[PDB]
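Enquirer: Pasting structure.pdb here (PDB, C-alpha atoms):
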```
ATOM      1  CA  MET A   1     -19.276   0.192   0.866  1.00  0.00           C
ATOM      2  CA  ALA A   2     -16.349  -0.711   3.241  1.00  0.00           C
ATOM      3  CA  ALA A   3     -17.762  -4.148   4.088  1.00  0.00           C
ATOM      4  CA  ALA A   4     -17.575  -5.950   0.711  1.00  0.00           C
ATOM      5  CA  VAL A   5     -13.809  -5.184   0.581  1.00  0.00           C
ATOM      6  CA  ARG A   6     -12.870  -7.268   3.655  1.00  0.00           C
ATOM      7  CA  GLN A   7     -15.317  -9.906   2.337  1.00  0.00           C
ATOM      8  CA  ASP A   8     -13.819 -10.389  -1.151  1.00  0.00           C
ATOM      9  CA  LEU A   9     -10.155 -10.153  -0.056  1.00  0.00           C
ATOM     10  CA  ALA A  10     -10.701 -12.875   2.584  1.00  0.00           C
ATOM     11  CA  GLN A  11     -11.985 -15.644   0.268  1.00  0.00           C
ATOM     12  CA  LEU A  12      -9.164 -15.247  -2.296  1.00  0.00           C
ATOM     13  CA  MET A  13      -6.553 -15.613   0.487  1.00  0.00           C
ATOM     14  CA  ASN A  14      -6.566 -19.420   0.020  1.00  0.00           C
ATOM     15  CA  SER A  15      -7.520 -20.540  -3.506  1.00  0.00           C
ATOM     16  CA  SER A  16      -6.561 -23.240  -6.045  1.00  0.00           C
ATOM     17  CA  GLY A  17      -5.732 -21.249  -9.208  1.00  0.00           C
ATOM     18  CA  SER A  18      -2.660 -19.918 -11.051  1.00  0.00           C
ATOM     19  CA  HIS A  19      -0.944 -16.502 -10.669  1.00  0.00           C
ATOM     20  CA  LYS A  20      -2.860 -15.056 -13.647  1.00  0.00           C
ATOM     21  CA  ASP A  21      -6.132 -16.189 -11.995  1.00  0.00           C
ATOM     22  CA  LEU A  22      -5.341 -14.606  -8.601  1.00  0.00           C
ATOM     23  CA  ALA A  23      -3.299 -11.461  -9.385  1.00  0.00           C
ATOM     24  CA  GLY A  24      -6.028 -10.496 -11.868  1.00  0.00           C
ATOM     25  CA  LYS A  25      -8.716 -10.894  -9.188  1.00  0.00           C
ATOM     26  CA  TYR A  26      -6.799  -8.988  -6.469  1.00  0.00           C
ATOM     27  CA  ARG A  27      -6.219  -5.915  -8.689  1.00  0.00           C
ATOM     28  CA  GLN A  28      -9.998  -5.887  -9.288  1.00  0.00           C
ATOM     29  CA  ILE A  29     -10.469  -5.152  -5.537  1.00  0.00           C
ATOM     30  CA  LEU A  30      -7.977  -2.260  -5.840  1.00  0.00           C
ATOM     31  CA  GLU A  31     -10.747  -0.786  -8.049  1.00  0.00           C
ATOM     32  CA  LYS A  32     -13.270  -1.359  -5.217  1.00  0.00           C
ATOM     33  CA  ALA A  33     -10.936   0.410  -2.745  1.00  0.00           C
ATOM     34  CA  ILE A  34      -9.835   3.522  -4.733  1.00  0.00           C
ATOM     35  CA  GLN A  35     -13.348   4.339  -6.059  1.00  0.00           C
ATOM     36  CA  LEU A  36     -14.740   4.902  -2.522  1.00  0.00           C
ATOM     37  CA  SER A  37     -15.347   8.413  -1.129  1.00  0.00           C
ATOM     38  CA  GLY A  38     -15.236  10.315   2.177  1.00  0.00           C
ATOM     39  CA  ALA A  39     -14.050   8.422   5.264  1.00  0.00           C
ATOM     40  CA  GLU A  40     -15.169   5.082   3.806  1.00  0.00           C
ATOM     41  CA  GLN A  41     -12.265   4.949   1.369  1.00  0.00           C
ATOM     42  CA  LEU A  42      -9.835   5.307   4.289  1.00  0.00           C
ATOM     43  CA  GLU A  43     -10.410   1.817   5.770  1.00  0.00           C
ATOM     44  CA  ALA A  44     -10.917  -0.243   2.564  1.00  0.00           C
ATOM     45  CA  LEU A  45      -7.296   0.404   1.501  1.00  0.00           C
ATOM     46  CA  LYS A  46      -6.121  -0.688   4.971  1.00  0.00           C
ATOM     47  CA  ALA A  47      -7.884  -4.008   4.326  1.00  0.00           C
ATOM     48  CA  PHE A  48      -6.088  -4.288   0.960  1.00  0.00           C
ATOM     49  CA  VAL A  49      -2.588  -3.597   2.370  1.00  0.00           C
ATOM     50  CA  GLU A  50      -2.857  -6.039   5.310  1.00  0.00           C
ATOM     51  CA  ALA A  51      -3.966  -8.822   2.930  1.00  0.00           C
ATOM     52  CA  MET A  52      -0.855  -8.409   0.730  1.00  0.00           C
ATOM     53  CA  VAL A  53       1.652  -8.383   3.626  1.00  0.00           C
ATOM     54  CA  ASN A  54      -0.230 -11.431   5.011  1.00  0.00           C
ATOM     55  CA  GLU A  55       1.666 -14.754   5.044  1.00  0.00           C
ATOM     56  CA  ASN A  56      -1.306 -16.557   3.494  1.00  0.00           C
ATOM     57  CA  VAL A  57      -0.860 -14.349   0.377  1.00  0.00           C
ATOM     58  CA  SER A  58       2.125 -15.387  -1.806  1.00  0.00           C
ATOM     59  CA  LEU A  59       5.253 -13.352  -2.523  1.00  0.00           C
ATOM     60  CA  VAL A  60       4.502 -13.301  -6.287  1.00  0.00           C
ATOM     61  CA  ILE A  61       1.183 -11.580  -5.466  1.00  0.00           C
ATOM     62  CA  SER A  62       2.714  -9.168  -2.910  1.00  0.00           C
ATOM     63  CA  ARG A  63       5.431  -7.591  -5.127  1.00  0.00           C
ATOM     64  CA  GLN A  64       3.026  -7.340  -8.102  1.00  0.00           C
ATOM     65  CA  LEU A  65       0.227  -5.274  -6.527  1.00  0.00           C
ATOM     66  CA  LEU A  66       2.131  -3.097  -4.013  1.00  0.00           C
ATOM     67  CA  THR A  67       3.821  -1.733  -7.157  1.00  0.00           C
ATOM     68  CA  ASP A  68       0.361  -0.834  -8.545  1.00  0.00           C
ATOM     69  CA  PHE A  69      -0.682   0.410  -5.083  1.00  0.00           C
ATOM     70  CA  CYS A  70       2.218   2.900  -4.851  1.00  0.00           C
ATOM     71  CA  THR A  71       1.199   4.625  -8.119  1.00  0.00           C
ATOM     72  CA  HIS A  72      -2.523   4.901  -7.192  1.00  0.00           C
ATOM     73  CA  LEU A  73      -1.828   7.315  -4.286  1.00  0.00           C
ATOM     74  CA  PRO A  74      -0.350  10.249  -6.276  1.00  0.00           C
ATOM     75  CA  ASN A  75      -3.937  10.481  -7.626  1.00  0.00           C
ATOM     76  CA  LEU A  76      -5.517  11.172  -4.220  1.00  0.00           C
ATOM     77  CA  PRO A  77      -5.225  14.368  -2.083  1.00  0.00           C
ATOM     78  CA  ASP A  78      -2.393  15.097   0.389  1.00  0.00           C
ATOM     79  CA  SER A  79      -4.684  14.177   3.322  1.00  0.00           C
ATOM     80  CA  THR A  80      -5.355  10.596   2.140  1.00  0.00           C
ATOM     81  CA  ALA A  81      -1.954   9.986   0.477  1.00  0.00           C
ATOM     82  CA  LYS A  82       0.024  10.617   3.691  1.00  0.00           C
ATOM     83  CA  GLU A  83      -2.517   8.650   5.779  1.00  0.00           C
ATOM     84  CA  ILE A  84      -2.293   5.500   3.624  1.00  0.00           C
ATOM     85  CA  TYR A  85       1.492   5.738   2.980  1.00  0.00           C
ATOM     86  CA  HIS A  86       2.369   5.550   6.708  1.00  0.00           C
ATOM     87  CA  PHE A  87       0.045   2.537   6.989  1.00  0.00           C
ATOM     88  CA  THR A  88       1.948   0.790   4.161  1.00  0.00           C
ATOM     89  CA  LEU A  89       5.374   1.481   5.756  1.00  0.00           C
ATOM     90  CA  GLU A  90       4.674  -0.087   9.185  1.00  0.00           C
ATOM     91  CA  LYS A  91       2.860  -3.188   7.858  1.00  0.00           C
ATOM     92  CA  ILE A  92       5.818  -3.726   5.492  1.00  0.00           C
ATOM     93  CA  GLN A  93       8.149  -2.964   8.463  1.00  0.00           C
ATOM     94  CA  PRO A  94       7.581  -6.404  10.099  1.00  0.00           C
ATOM     95  CA  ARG A  95       9.077  -7.872   6.881  1.00  0.00           C
ATOM     96  CA  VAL A  96      11.298  -5.045   5.571  1.00  0.00           C
ATOM     97  CA  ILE A  97      13.833  -7.550   4.106  1.00  0.00           C
ATOM     98  CA  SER A  98      11.394  -8.678   1.394  1.00  0.00           C
ATOM     99  CA  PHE A  99       9.741  -5.609  -0.152  1.00  0.00           C
ATOM    100  CA  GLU A 100      12.647  -3.117  -0.346  1.00  0.00           C
ATOM    101  CA  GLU A 101      11.714  -2.080  -3.901  1.00  0.00           C
ATOM    102  CA  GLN A 102       8.329  -1.055  -2.450  1.00  0.00           C
ATOM    103  CA  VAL A 103       9.842   0.544   0.697  1.00  0.00           C
ATOM    104  CA  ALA A 104      12.118   2.620  -1.578  1.00  0.00           C
ATOM    105  CA  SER A 105       9.366   3.907  -3.903  1.00  0.00           C
ATOM    106  CA  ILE A 106       6.793   4.425  -1.105  1.00  0.00           C
ATOM    107  CA  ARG A 107       9.151   6.510   1.084  1.00  0.00           C
ATOM    108  CA  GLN A 108      10.073   8.786  -1.854  1.00  0.00           C
ATOM    109  CA  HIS A 109       6.449   9.811  -2.552  1.00  0.00           C
ATOM    110  CA  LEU A 110       5.997  10.385   1.203  1.00  0.00           C
ATOM    111  CA  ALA A 111       8.933  12.818   1.411  1.00  0.00           C
ATOM    112  CA  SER A 112       7.407  14.894  -1.429  1.00  0.00           C
ATOM    113  CA  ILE A 113       4.092  15.355   0.435  1.00  0.00           C
ATOM    114  CA  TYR A 114       5.996  16.442   3.580  1.00  0.00           C
ATOM    115  CA  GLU A 115       8.194  19.060   1.882  1.00  0.00           C
ATOM    116  CA  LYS A 116       5.199  20.448  -0.092  1.00  0.00           C
ATOM    117  CA  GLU A 117       3.416  21.367   3.164  1.00  0.00           C
ATOM    118  CA  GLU A 118       6.380  23.276   4.690  1.00  0.00           C
ATOM    119  CA  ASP A 119       7.785  20.200   6.491  1.00  0.00           C
ATOM    120  CA  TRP A 120      11.579  20.330   6.197  1.00  0.00           C
ATOM    121  CA  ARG A 121      12.112  17.839   9.059  1.00  0.00           C
ATOM    122  CA  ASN A 122      10.058  14.682   8.478  1.00  0.00           C
ATOM    123  CA  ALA A 123      10.694  14.656   4.707  1.00  0.00           C
ATOM    124  CA  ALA A 124      14.402  14.122   5.428  1.00  0.00           C
ATOM    125  CA  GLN A 125      13.837  11.624   8.253  1.00  0.00           C
ATOM    126  CA  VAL A 126      11.892   9.332   5.890  1.00  0.00           C
ATOM    127  CA  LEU A 127      14.733   9.283   3.331  1.00  0.00           C
ATOM    128  CA  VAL A 128      17.153   8.393   6.161  1.00  0.00           C
ATOM    129  CA  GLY A 129      15.029   5.289   6.784  1.00  0.00           C
ATOM    130  CA  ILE A 130      15.350   4.163   3.151  1.00  0.00           C
ATOM    131  CA  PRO A 131      17.970   1.383   3.323  1.00  0.00           C
ATOM    132  CA  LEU A 132      20.224   2.550   0.469  1.00  0.00           C
ATOM    133  CA  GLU A 133      23.654   1.071   1.232  1.00  0.00           C
TER
END
```
Any chance you could give the structure as structure tokens?
Expert:
Amino acid sequence: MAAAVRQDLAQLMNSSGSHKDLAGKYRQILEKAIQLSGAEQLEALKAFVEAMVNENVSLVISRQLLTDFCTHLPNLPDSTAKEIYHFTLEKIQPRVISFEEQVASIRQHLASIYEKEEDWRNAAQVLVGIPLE
């Protein structure tokens, strides 16, 4: 069902309702993305992340749901968590000045999946990228 995710996210990109009307609808598609299974889940989340970083989707919507997105990936296995995390860190890279609270929390969960699987190199290199000071 990875064809009604790009459909529903597209129409809400330009609406005429308040933040409660739109942020409530967008988080309902996060349900449609996470509930998928196999290799069909893997592309529906990529549709969700590109819509948030989009310039046609407001900044009040982008910092609200990428917070909820970052805590829905500790649920999934280490094969899908690491796949989707690296997708979220190079679509937020074009505008890394805006979502630094997301870039901080996303890169921390990524370094834990690395170290777990005997990766003592790339876990560190991701924490270097976190713009602390």
Enquirer: Quick one: residues within 10 Å of residue 69 (chain A), all atoms listed in the file counted, chain neighbours fewer than 2 positions away excluded, as a PyMOL selection string?
Expert: chain A and resi 27+30+34+45+48-49+64-67+71-74+85+88+102+106
Enquirer: Could you write out as a PyMOL selection string the residues that the PyMOL selection byres ((chain A and resi 94-96) around 12) matches in the shown file?
Expert: chain A and resi 50+52-55+59+62+88-93+97-104+129-131
Enquirer: Once you have the residues from the selection above, write them out as a tab-separated table (two decimals), keeping the file's coordinate frame, restricted to C-alpha atoms.
Expert:
```
chain	number	residue	atom	x	y	z
A	50	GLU	CA	-2.86	-6.04	5.31
A	52	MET	CA	-0.86	-8.41	0.73
A	53	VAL	CA	1.65	-8.38	3.63
A	54	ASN	CA	-0.23	-11.43	5.01
A	55	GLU	CA	1.67	-14.75	5.04
A	59	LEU	CA	5.25	-13.35	-2.52
A	62	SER	CA	2.71	-9.17	-2.91
A	88	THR	CA	1.95	0.79	4.16
A	89	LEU	CA	5.37	1.48	5.76
A	90	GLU	CA	4.67	-0.09	9.18
A	91	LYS	CA	2.86	-3.19	7.86
A	92	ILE	CA	5.82	-3.73	5.49
A	93	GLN	CA	8.15	-2.96	8.46
A	97	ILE	CA	13.83	-7.55	4.11
A	98	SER	CA	11.39	-8.68	1.39
A	99	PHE	CA	9.74	-5.61	-0.15
A	100	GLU	CA	12.65	-3.12	-0.35
A	101	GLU	CA	11.71	-2.08	-3.90
A	102	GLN	CA	8.33	-1.06	-2.45
A	103	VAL	CA	9.84	0.54	0.70
A	104	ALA	CA	12.12	2.62	-1.58
A	129	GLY	CA	15.03	5.29	6.78
A	130	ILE	CA	15.35	4.16	3.15
A	131	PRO	CA	17.97	1.38	3.32
```
Enquirer: My list of candidates is A:118, A:21, A:78, A:43. Which is closest to residue 6 (chain A) when distances are computed with only C-alpha atoms?
Expert: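 Checking each of A:118, A:21, A:78, A:43 against residue 6 (chain A), counting only C-alpha atoms, the winner is A:43.
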Enquirer: Hey, can you check how far CA of residue 51 (chain A) sits from CA of residue 38 (chain A)?
Expert: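 Separation of CA of residue 51 (chain A) and CA of residue 38 (chain A): 22.2 Å.
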Enquirer: Work out how far CA of residue 23 (chain A) is from CA of residue 82 (chain A), in Å to one decimal.
Expert: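 According to the coordinates, CA of residue 82 (chain A) and CA of residue 23 (chain A) are separated by 25.9 Å.
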Enquirer: For region 54-70 of chain A, which lacks atoms in the input, supply N, CA, C and O atoms and format the output as a PDB file, in the frame of the given file.
Expert:
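Saved as rebuild-v4.pdb:
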```
ATOM      1  N   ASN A  54       0.154 -10.138   4.424  1.00  0.00           N
ATOM      2  CA  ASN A  54      -0.230 -11.431   5.011  1.00  0.00           C
ATOM      3  C   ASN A  54       0.653 -12.581   4.516  1.00  0.00           C
ATOM      4  O   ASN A  54       1.142 -12.557   3.383  1.00  0.00           O
ATOM      5  N   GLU A  55       0.842 -13.585   5.371  1.00  0.00           N
ATOM      6  CA  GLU A  55       1.666 -14.754   5.044  1.00  0.00           C
ATOM      7  C   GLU A  55       0.883 -15.794   4.248  1.00  0.00           C
ATOM      8  O   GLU A  55       1.477 -16.692   3.642  1.00  0.00           O
ATOM      9  N   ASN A  56      -0.443 -15.697   4.295  1.00  0.00           N
ATOM     10  CA  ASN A  56      -1.306 -16.557   3.494  1.00  0.00           C
ATOM     11  C   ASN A  56      -1.460 -16.061   2.049  1.00  0.00           C
ATOM     12  O   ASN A  56      -2.054 -16.757   1.224  1.00  0.00           O
ATOM     13  N   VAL A  57      -0.929 -14.870   1.750  1.00  0.00           N
ATOM     14  CA  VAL A  57      -0.860 -14.349   0.377  1.00  0.00           C
ATOM     15  C   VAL A  57       0.585 -14.401  -0.139  1.00  0.00           C
ATOM     16  O   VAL A  57       1.479 -13.766   0.425  1.00  0.00           O
ATOM     17  N   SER A  58       0.792 -15.162  -1.213  1.00  0.00           N
ATOM     18  CA  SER A  58       2.125 -15.387  -1.806  1.00  0.00           C
ATOM     19  C   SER A  58       2.975 -14.163  -2.063  1.00  0.00           C
ATOM     20  O   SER A  58       2.449 -13.076  -2.241  1.00  0.00           O
ATOM     21  N   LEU A  59       4.278 -14.403  -2.223  1.00  0.00           N
ATOM     22  CA  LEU A  59       5.253 -13.352  -2.523  1.00  0.00           C
ATOM     23  C   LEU A  59       5.222 -12.870  -3.981  1.00  0.00           C
ATOM     24  O   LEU A  59       5.715 -11.778  -4.281  1.00  0.00           O
ATOM     25  N   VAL A  60       4.671 -13.687  -4.880  1.00  0.00           N
ATOM     26  CA  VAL A  60       4.502 -13.301  -6.287  1.00  0.00           C
ATOM     27  C   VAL A  60       3.305 -12.356  -6.440  1.00  0.00           C
ATOM     28  O   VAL A  60       3.257 -11.551  -7.368  1.00  0.00           O
ATOM     29  N   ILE A  61       2.358 -12.457  -5.508  1.00  0.00           N
ATOM     30  CA  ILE A  61       1.183 -11.580  -5.466  1.00  0.00           C
ATOM     31  C   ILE A  61       1.501 -10.264  -4.745  1.00  0.00           C
ATOM     32  O   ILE A  61       0.939  -9.218  -5.079  1.00  0.00           O
ATOM     33  N   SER A  62       2.398 -10.322  -3.761  1.00  0.00           N
ATOM     34  CA  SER A  62       2.714  -9.168  -2.910  1.00  0.00           C
ATOM     35  C   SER A  62       3.573  -8.097  -3.601  1.00  0.00           C
ATOM     36  O   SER A  62       3.351  -6.901  -3.398  1.00  0.00           O
ATOM     37  N   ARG A  63       4.551  -8.521  -4.400  1.00  0.00           N
ATOM     38  CA  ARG A  63       5.431  -7.591  -5.127  1.00  0.00           C
ATOM     39  C   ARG A  63       4.814  -7.088  -6.439  1.00  0.00           C
ATOM     40  O   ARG A  63       5.333  -6.145  -7.044  1.00  0.00           O
ATOM     41  N   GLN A  64       3.720  -7.717  -6.870  1.00  0.00           N
ATOM     42  CA  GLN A  64       3.026  -7.340  -8.102  1.00  0.00           C
ATOM     43  C   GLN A  64       2.085  -6.156  -7.877  1.00  0.00           C
ATOM     44  O   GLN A  64       2.059  -5.216  -8.674  1.00  0.00           O
ATOM     45  N   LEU A  65       1.329  -6.209  -6.780  1.00  0.00           N
ATOM     46  CA  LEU A  65       0.227  -5.274  -6.527  1.00  0.00           C
ATOM     47  C   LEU A  65       0.596  -4.077  -5.648  1.00  0.00           C
ATOM     48  O   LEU A  65      -0.032  -3.022  -5.754  1.00  0.00           O
ATOM     49  N   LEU A  66       1.596  -4.234  -4.777  1.00  0.00           N
ATOM     50  CA  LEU A  66       2.131  -3.097  -4.013  1.00  0.00           C
ATOM     51  C   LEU A  66       2.936  -2.145  -4.911  1.00  0.00           C
ATOM     52  O   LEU A  66       3.240  -1.020  -4.508  1.00  0.00           O
ATOM     53  N   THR A  67       3.284  -2.604  -6.113  1.00  0.00           N
ATOM     54  CA  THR A  67       3.821  -1.733  -7.157  1.00  0.00           C
ATOM     55  C   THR A  67       2.696  -0.889  -7.768  1.00  0.00           C
ATOM     56  O   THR A  67       2.865   0.311  -7.982  1.00  0.00           O
ATOM     57  N   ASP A  68       1.559  -1.530  -8.049  1.00  0.00           N
ATOM     58  CA  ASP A  68       0.361  -0.834  -8.545  1.00  0.00           C
ATOM     59  C   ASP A  68      -0.303   0.037  -7.475  1.00  0.00           C
ATOM     60  O   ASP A  68      -0.972   1.021  -7.797  1.00  0.00           O
ATOM     61  N   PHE A  69      -0.129  -0.340  -6.211  1.00  0.00           N
ATOM     62  CA  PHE A  69      -0.682   0.410  -5.083  1.00  0.00           C
ATOM     63  C   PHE A  69       0.058   1.731  -4.854  1.00  0.00           C
ATOM     64  O   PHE A  69      -0.553   2.729  -4.467  1.00  0.00           O
ATOM     65  N   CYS A  70       1.371   1.726  -5.087  1.00  0.00           N
ATOM     66  CA  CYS A  70       2.218   2.900  -4.851  1.00  0.00           C
ATOM     67  C   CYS A  70       2.010   4.007  -5.890  1.00  0.00           C
ATOM     68  O   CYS A  70       2.337   5.166  -5.628  1.00  0.00           O
TER      69      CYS A  70
END
```
